[PDB]
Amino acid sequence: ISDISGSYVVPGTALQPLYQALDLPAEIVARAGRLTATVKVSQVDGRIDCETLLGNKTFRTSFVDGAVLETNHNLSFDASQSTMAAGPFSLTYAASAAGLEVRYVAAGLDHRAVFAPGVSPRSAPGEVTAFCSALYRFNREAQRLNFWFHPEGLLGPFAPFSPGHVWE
């Protein structure tokens, strides 16, 4: 309960209101909706390490208070209150037998998702590759003007937050 450590199934169908609130194009919202990932969560002290298995891709992230978040700011993380926040977005989580339950809050957004424990079915690697490439285009085209979204940032319990660099 107090330790959320485990393996969870995170399907894109469970986060569609969040993707819409991120001002993502219809193609990205729909592509993420067809994808599903396994996220292995390890909570140590005031840190959360995440390994996301998505098609033929592995992504690793670590959630710590003050972690830099790429844009085009910093992550606020309080493990004692099970809260994460950055920019307009905030989230709260709790683990149970039904899995990892997360509430995502922002102006115009109040969405809850529950991610069941276990291992996810494997999304097709062609769909994952097309999704990652389309997210990359959106990020670059949106510089000619939000977070720099990572694929594991959208297909994850703590979306839209993805610390770390664009590389592993």
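Numbering starts at 1 and follows the sequence shown.
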Relative to the deposited sequence, how many residues with no modelled coordinates occur between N72 and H73 (none, 1 to 3, 4 to 9, 10 or more)?
4 to 9
Our gap detector needs a label for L145 to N146. Which class matches the unmodelled residues of the deposited sequence there: none, 1 to 3, 4 to 9, or 10 or more?
4 to 9
Per the entry, where is the mean C-alpha temperature factor higher: 34-42 or 133-141?
133-141
Looking only at CA atoms, which has the higher mean B factor in the entry: 123-131 or 106-114?
123-131
Highest recorded Cα temperature factor - choice among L91, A86, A79, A95:
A95
Could you look up the Cα B-factor of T52 in the entry and say which third of the chain it sits in: lowest, middle or highest?
lowest
